[PDB]
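The structure appears right after this line, and notes come after that.
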Amino acid sequence: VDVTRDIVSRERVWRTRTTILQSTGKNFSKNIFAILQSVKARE
Amino acid sequence: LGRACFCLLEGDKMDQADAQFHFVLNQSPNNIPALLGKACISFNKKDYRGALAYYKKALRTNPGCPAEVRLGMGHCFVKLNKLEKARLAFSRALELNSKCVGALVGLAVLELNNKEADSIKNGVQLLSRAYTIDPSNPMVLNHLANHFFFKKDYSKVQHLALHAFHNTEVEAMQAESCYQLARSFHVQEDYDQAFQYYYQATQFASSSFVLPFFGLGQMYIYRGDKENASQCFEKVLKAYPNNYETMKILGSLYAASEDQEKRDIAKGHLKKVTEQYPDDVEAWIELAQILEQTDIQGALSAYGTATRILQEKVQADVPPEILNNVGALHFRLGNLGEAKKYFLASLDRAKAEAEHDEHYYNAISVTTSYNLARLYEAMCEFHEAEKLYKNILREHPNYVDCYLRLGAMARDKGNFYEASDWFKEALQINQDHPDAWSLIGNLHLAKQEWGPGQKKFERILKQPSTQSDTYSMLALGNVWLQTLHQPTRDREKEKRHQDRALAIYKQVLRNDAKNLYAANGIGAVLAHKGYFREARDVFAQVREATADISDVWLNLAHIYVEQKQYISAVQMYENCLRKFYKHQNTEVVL
Amino acid sequence: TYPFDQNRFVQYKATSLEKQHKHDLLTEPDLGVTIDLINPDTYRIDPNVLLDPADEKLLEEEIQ
């Protein structure tokens, strides 16, 4: 109905699900994938 | 001379023309306009020093010149703010011949600096006399045009700006002609034509000045063309920053979220105007409107003086959208009680919006009541939360979030309640809804015997419209890891499960480097692979990333007791016990 | 969000940014003079030469 688009337009979402999982700092995964490959070097 | 002046007509072979004029000085430097034609070339190469070097040689000799060598003298003195010499040159030009146009229009532009001071002599003596001695001069036509604009004579500006366009043929002049016709039809709201004028004004001579760029950018607010408004307004900041050019990019906020190319510049403009006050009213509104992603206290402060700023120009009550949002801020703060007061007075002000179904104060009250019911949940006043939720759903049953927060409330009581059924009917009203659909399997997390069955109930919206869903695919990883610590790893079954969870974790690794629950999963599965020296490091990363993940506290101390580092472990166990969750969590003391 | 007016129009106006601009004189690209060695049929170099006080203070580049 008009109420649905009427509300979901005017509000805002600053807090979702997905960026909870993502960290507020910058933690890249190269270090993570480097040790991922390093344990594979033990394999 | 004939071939050198042949070159200036076409805009090329210009240094060639200068060379053939300097061929004159090495054959016959016996008169000055041979070398003055060098100096106009030098002037048009923006070398006013090289112009005036030969121009000193003009007035020492002064050949027969009714064309007033002093006119170009003053125009070079117009350059680089040698104005007092420009005035004296145009004056002696007028004394030799008052009929000449260039001196009077030069002083006209020279006193275009002061408009509130010496208005009349600019308007009539400096301009209308030039119009009298030549009514076809596109300079004086342009200047009476912009004067008539400011004198609010919007008729004869369009009489003579067309001629000011046609009579000139150089780009910047007809750029200004199109720009002035554009500002004429802009205040006359004939914006379709004036848009074309603004674009032509930009396209003719662009490096001249930036008002046509501003005209196009604000014209892109017409007709929804605002994508080019940002791009065109960027050159206004490339021109020079001003208070003006903040608000255009601030209101034209393509910055929605995680888009810093419009958001960092928004921050810069907002702290370009926050210290200022060009009657700042909404400046705090669009301050805080990006601050809700950022620090919340900045948004609080913006709303604080924004509450005031609506009271002094007129004692006007704050619109309830502001007050609802500041209560929403205090919801994530400790200021829960006055957040409730904000929602109450928000609903009252929406009631004070008695006739505003255009603005739909009723819908604003709907979402305000949603926020207030969410607040009553924070009070643990689930009774009144039920009341507000059923009030909204009995009047807007199409809404889903109220339909499931009710379900979440009964989930706090338990799973097979109408919790699970509100959740399923939320999919019945909206099967496209990924949040509720995730919450369906979230219910099924309670039934871990429904472990391998969760492939199906987390496949339903693995339709790629919903994909990518990091939350759900990490849920797949988690239901895949709870399979572990079984005596079937030696049977290669949990080894395959470990590597499958590893594959999920690699997938979420590549699509997101900055997820932390992922890295927790990788460290967990490799710790189950017996690499505990290889685990405290990867958990250390998410440890600085955020300490406020209850899982990593446990998983680090598991490593510690695996080195038998109890005196490093149990303290962090009770640190995990510092959350307000459960006085005796069982597995933690286990 | 706030229901902002679409600011498709100027009333402040930009006139602070407008009259600060000093406008070029490009009526004739060789700077408003016909460049000719034939139309000087006359010459002040003959007795007597003429040079106004304004003309000497324009014969200087920058001496103030």
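Here's how to read the names in the structure tokens: chain A, B, ... by the order shown, residue numbers from 1 in each chain, ligand numbers from 1 in the order shown.
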
At a cut-off of 7 Å, which residues of chain C touch chain B? Count only C-alpha atoms and give the answer as a PDB file with N, CA and C atoms, in the first residue's frame.
ATOM      1  N   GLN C   6      13.713  21.606  -3.043  1.00  0.00           N
ATOM      2  CA  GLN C   6      14.619  21.530  -4.170  1.00  0.00           C
ATOM      3  C   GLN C   6      15.029  22.941  -4.567  1.00  0.00           C
ATOM      4  N   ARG C   8      16.160  24.919  -6.816  1.00  0.00           N
ATOM      5  CA  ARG C   8      16.304  25.089  -8.251  1.00  0.00           C
ATOM      6  C   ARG C   8      16.410  26.550  -8.662  1.00  0.00           C
ATOM      7  N   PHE C   9      16.757  27.443  -7.742  1.00  0.00           N
ATOM      8  CA  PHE C   9      16.529  28.865  -7.935  1.00  0.00           C
ATOM      9  C   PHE C   9      17.402  29.659  -6.975  1.00  0.00           C
ATOM     10  N   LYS C  19      29.559  40.162  -8.528  1.00  0.00           N
ATOM     11  CA  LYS C  19      30.198  41.458  -8.736  1.00  0.00           C
ATOM     12  C   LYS C  19      31.642  41.468  -8.260  1.00  0.00           C
ATOM     13  N   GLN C  20      32.088  40.424  -7.548  1.00  0.00           N
ATOM     14  CA  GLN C  20      33.515  40.299  -7.287  1.00  0.00           C
ATOM     15  C   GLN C  20      34.298  40.019  -8.558  1.00  0.00           C
ATOM     16  N   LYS C  22      35.741  40.769 -11.990  1.00  0.00           N
ATOM     17  CA  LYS C  22      36.055  41.906 -12.841  1.00  0.00           C
ATOM     18  C   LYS C  22      36.128  41.362 -14.262  1.00  0.00           C
ATOM     19  N   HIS C  23      35.483  42.051 -15.192  1.00  0.00           N
ATOM     20  CA  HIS C  23      35.144  41.450 -16.472  1.00  0.00           C
ATOM     21  C   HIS C  23      36.157  41.875 -17.527  1.00  0.00           C
ATOM     22  N   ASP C  30      43.391  42.251 -30.885  1.00  0.00           N
ATOM     23  CA  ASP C  30      44.621  43.019 -30.778  1.00  0.00           C
ATOM     24  C   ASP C  30      44.456  44.242 -29.875  1.00  0.00           C
ATOM     25  N   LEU C  31      43.537  44.149 -28.907  1.00  0.00           N
ATOM     26  CA  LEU C  31      43.362  45.112 -27.814  1.00  0.00           C
ATOM     27  C   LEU C  31      42.863  46.465 -28.302  1.00  0.00           C
ATOM     28  N   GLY C  32      41.770  46.446 -29.065  1.00  0.00           N
ATOM     29  CA  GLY C  32      40.972  47.638 -29.284  1.00  0.00           C
ATOM     30  C   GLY C  32      41.621  48.716 -30.119  1.00  0.00           C
ATOM     31  N   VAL C  33      42.684  48.390 -30.849  1.00  0.00           N
ATOM     32  CA  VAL C  33      43.375  49.360 -31.683  1.00  0.00           C
ATOM     33  C   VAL C  33      43.541  48.755 -33.069  1.00  0.00           C
ATOM     34  N   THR C  34      43.255  49.537 -34.105  1.00  0.00           N
ATOM     35  CA  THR C  34      43.664  49.128 -35.438  1.00  0.00           C
ATOM     36  C   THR C  34      45.177  49.283 -35.555  1.00  0.00           C
ATOM     37  N   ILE C  35      45.853  48.191 -35.882  1.00  0.00           N
ATOM     38  CA  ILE C  35      47.310  48.181 -35.906  1.00  0.00           C
ATOM     39  C   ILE C  35      47.747  48.491 -37.340  1.00  0.00           C
ATOM     40  N   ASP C  36      48.284  49.687 -37.543  1.00  0.00           N
ATOM     41  CA  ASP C  36      48.550  50.173 -38.890  1.00  0.00           C
ATOM     42  C   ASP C  36      49.752  51.103 -38.851  1.00  0.00           C
ATOM     43  N   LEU C  37      50.607  50.968 -39.867  1.00  0.00           N
ATOM     44  CA  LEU C  37      51.692  51.912 -40.091  1.00  0.00           C
ATOM     45  C   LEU C  37      51.385  52.866 -41.238  1.00  0.00           C
ATOM     46  N   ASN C  39      47.902  54.528 -41.539  1.00  0.00           N
ATOM     47  CA  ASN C  39      47.086  55.602 -40.978  1.00  0.00           C
ATOM     48  C   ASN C  39      47.822  56.614 -40.079  1.00  0.00           C
ATOM     49  N   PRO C  40      49.072  56.374 -39.510  1.00  0.00           N
ATOM     50  CA  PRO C  40      49.781  57.538 -38.962  1.00  0.00           C
ATOM     51  C   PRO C  40      50.304  58.462 -40.050  1.00  0.00           C
ATOM     52  N   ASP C  41      49.398  59.171 -40.722  1.00  0.00           N
ATOM     53  CA  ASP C  41      49.811  60.233 -41.629  1.00  0.00           C
ATOM     54  C   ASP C  41      50.412  61.393 -40.855  1.00  0.00           C
ATOM     55  N   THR C  42      50.036  61.531 -39.588  1.00  0.00           N
ATOM     56  CA  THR C  42      50.577  62.540 -38.693  1.00  0.00           C
ATOM     57  C   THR C  42      51.555  61.900 -37.711  1.00  0.00           C
ATOM     58  N   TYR C  43      52.387  62.748 -37.108  1.00  0.00           N
ATOM     59  CA  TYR C  43      53.408  62.311 -36.162  1.00  0.00           C
ATOM     60  C   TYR C  43      53.699  63.471 -35.227  1.00  0.00           C
ATOM     61  N   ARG C  44      53.694  63.223 -33.919  1.00  0.00           N
ATOM     62  CA  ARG C  44      54.035  64.280 -32.979  1.00  0.00           C
ATOM     63  C   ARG C  44      55.534  64.455 -32.831  1.00  0.00           C
ATOM     64  N   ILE C  45      56.332  63.552 -33.417  1.00  0.00           N
ATOM     65  CA  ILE C  45      57.788  63.609 -33.336  1.00  0.00           C
ATOM     66  C   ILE C  45      58.346  64.888 -33.945  1.00  0.00           C
ATOM     67  N   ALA C  54      50.068  63.107 -17.313  1.00  0.00           N
ATOM     68  CA  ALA C  54      49.492  61.771 -17.317  1.00  0.00           C
ATOM     69  C   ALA C  54      50.226  60.860 -18.285  1.00  0.00           C
ATOM     70  N   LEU C  58      52.333  57.391 -17.328  1.00  0.00           N
ATOM     71  CA  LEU C  58      52.039  56.135 -18.009  1.00  0.00           C
ATOM     72  C   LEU C  58      53.234  55.590 -18.783  1.00  0.00           C
ATOM     73  N   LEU C  59      54.274  56.400 -18.996  1.00  0.00           N
ATOM     74  CA  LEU C  59      55.499  55.905 -19.617  1.00  0.00           C
ATOM     75  C   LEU C  59      56.352  55.097 -18.655  1.00  0.00           C
TER      76      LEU C  59
END

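Within 10 Å of range 32-39 of chain A, once only C-alpha atoms are used and residues closer than 2 positions along the same chain are dropped, the contacting residues are residues 27, 28, 29, 30, 41, 42 and 43 of chain A; 502, 506, 509, 510, 513, 519, 522, 523, 526, 531, 534, 535, 537, 538 and 541 of chain B.
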
Let's see if you can do this: from backbone DSSP, list all helix (DSSP H, G or I) residues in chain C, as a VMD selection string. chain C and resid 15 to 19 53 to 56

Restrict the selected residues to N, CA, C and O atoms and save them as a PDB file, in the first residue's frame.
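File result.pdb, as written:
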ATOM      1  N   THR C  15      25.279  37.120  -5.940  1.00  0.00           N
ATOM      2  CA  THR C  15      25.798  38.439  -6.280  1.00  0.00           C
ATOM      3  C   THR C  15      27.095  38.789  -5.560  1.00  0.00           C
ATOM      4  O   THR C  15      27.868  39.601  -6.072  1.00  0.00           O
ATOM      5  N   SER C  16      27.346  38.203  -4.388  1.00  0.00           N
ATOM      6  CA  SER C  16      28.666  38.323  -3.790  1.00  0.00           C
ATOM      7  C   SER C  16      29.726  37.648  -4.646  1.00  0.00           C
ATOM      8  O   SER C  16      30.823  38.190  -4.801  1.00  0.00           O
ATOM      9  N   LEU C  17      29.406  36.491  -5.219  1.00  0.00           N
ATOM     10  CA  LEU C  17      30.306  35.815  -6.134  1.00  0.00           C
ATOM     11  C   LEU C  17      30.269  36.426  -7.526  1.00  0.00           C
ATOM     12  O   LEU C  17      31.157  36.157  -8.340  1.00  0.00           O
ATOM     13  N   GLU C  18      29.301  37.298  -7.787  1.00  0.00           N
ATOM     14  CA  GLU C  18      29.114  37.833  -9.129  1.00  0.00           C
ATOM     15  C   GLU C  18      29.853  39.143  -9.338  1.00  0.00           C
ATOM     16  O   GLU C  18      30.697  39.236 -10.237  1.00  0.00           O
ATOM     17  N   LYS C  19      29.559  40.162  -8.528  1.00  0.00           N
ATOM     18  CA  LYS C  19      30.198  41.458  -8.736  1.00  0.00           C
ATOM     19  C   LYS C  19      31.642  41.468  -8.260  1.00  0.00           C
ATOM     20  O   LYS C  19      32.367  42.434  -8.532  1.00  0.00           O
ATOM     21  N   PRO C  53      51.576  65.287 -18.424  1.00  0.00           N
ATOM     22  CA  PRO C  53      51.963  64.646 -17.153  1.00  0.00           C
ATOM     23  C   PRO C  53      51.338  63.280 -16.934  1.00  0.00           C
ATOM     24  O   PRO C  53      52.029  62.362 -16.460  1.00  0.00           O
ATOM     25  N   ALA C  54      50.068  63.107 -17.313  1.00  0.00           N
ATOM     26  CA  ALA C  54      49.492  61.771 -17.317  1.00  0.00           C
ATOM     27  C   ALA C  54      50.226  60.860 -18.285  1.00  0.00           C
ATOM     28  O   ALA C  54      50.378  59.668 -18.012  1.00  0.00           O
ATOM     29  N   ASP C  55      50.739  61.403 -19.390  1.00  0.00           N
ATOM     30  CA  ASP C  55      51.476  60.582 -20.340  1.00  0.00           C
ATOM     31  C   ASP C  55      52.863  60.192 -19.844  1.00  0.00           C
ATOM     32  O   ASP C  55      53.338  59.101 -20.182  1.00  0.00           O
ATOM     33  N   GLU C  56      53.540  61.038 -19.054  1.00  0.00           N
ATOM     34  CA  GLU C  56      54.786  60.571 -18.449  1.00  0.00           C
ATOM     35  C   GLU C  56      54.531  59.536 -17.362  1.00  0.00           C
ATOM     36  O   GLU C  56      55.282  58.563 -17.258  1.00  0.00           O
TER      37      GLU C  56
END

Restrict the calculation to only C-alpha atoms, then for each residue of chain A with any atom at most 12 Å from an atom of chain C give the closest atom pair and their distance in Å to one decimal, rows by chain and rising residue number, as a Markdown table.
| residue | atom | partner | partner_atom | distance |
| --- | --- | --- | --- | --- |
| A:7 | CA | C:1 | CA | 10.6 |
| A:8 | CA | C:1 | CA | 10.7 |
| A:9 | CA | C:1 | CA | 8.7 |
| A:10 | CA | C:1 | CA | 5.5 |
| A:11 | CA | C:1 | CA | 6.0 |
| A:12 | CA | C:1 | CA | 6.9 |
| A:13 | CA | C:1 | CA | 10.6 |
| A:14 | CA | C:1 | CA | 11.9 |

Atoms to include: N, CA and C atoms. Write the selected residues as an mmCIF file, in the first residue's frame.
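And here's part_37.cif as it stands now:
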data_model
loop_
_atom_site.group_PDB
_atom_site.id
_atom_site.type_symbol
_atom_site.label_atom_id
_atom_site.label_comp_id
_atom_site.auth_asym_id
_atom_site.auth_seq_id
_atom_site.Cartn_x
_atom_site.Cartn_y
_atom_site.Cartn_z
ATOM 1 N N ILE A 7 6.526 4.987 4.192
ATOM 2 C CA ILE A 7 7.419 4.936 5.334
ATOM 3 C C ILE A 7 8.835 4.539 4.932
ATOM 4 N N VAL A 8 8.996 3.520 4.080
ATOM 5 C CA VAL A 8 10.333 2.996 3.811
ATOM 6 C C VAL A 8 11.180 3.963 3.010
ATOM 7 N N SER A 9 10.552 4.887 2.293
ATOM 8 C CA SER A 9 11.277 5.976 1.670
ATOM 9 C C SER A 9 11.814 6.977 2.676
ATOM 10 N N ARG A 10 10.964 7.484 3.569
ATOM 11 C CA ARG A 10 11.344 8.594 4.425
ATOM 12 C C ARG A 10 12.267 8.202 5.567
ATOM 13 N N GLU A 11 12.264 6.945 6.002
ATOM 14 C CA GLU A 11 13.184 6.550 7.055
ATOM 15 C C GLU A 11 14.573 6.327 6.472
ATOM 16 N N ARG A 12 15.506 5.951 7.344
ATOM 17 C CA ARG A 12 16.864 5.629 6.930
ATOM 18 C C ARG A 12 17.363 4.469 7.764
ATOM 19 N N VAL A 13 18.236 3.661 7.181
ATOM 20 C CA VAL A 13 18.870 2.551 7.876
ATOM 21 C C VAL A 13 20.350 2.887 7.950
ATOM 22 N N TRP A 14 20.839 3.129 9.158
ATOM 23 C CA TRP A 14 22.273 3.269 9.338
ATOM 24 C C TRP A 14 22.882 2.020 9.936
#

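The gap separating CA of residue 539 in chain B from CA of residue 578 in chain B is 19.7 Å, in Å to one decimal.
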
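Coordinates place CA of residue 239 in chain B at a distance of 17.2 Å from CA of residue 176 in chain B.
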
For chain B, report every residue with an atom at most 8 Å from chain A (counting only C-alpha atoms), formatted as an NGL selection string. :B and (257 or 292-293 or 360 or 363-364 or 367 or 396 or 398-399 or 469-471 or 509 or 512-519 or 538 or 541-542 or 545-546)

Would you mind listing what lies within 9 Å of residue 454 in chain B as an MDAnalysis selection string, with only C-alpha atoms counted and same-chain residues fewer than 5 positions away left out? chainID B and resid 441 444:445 459 476 479
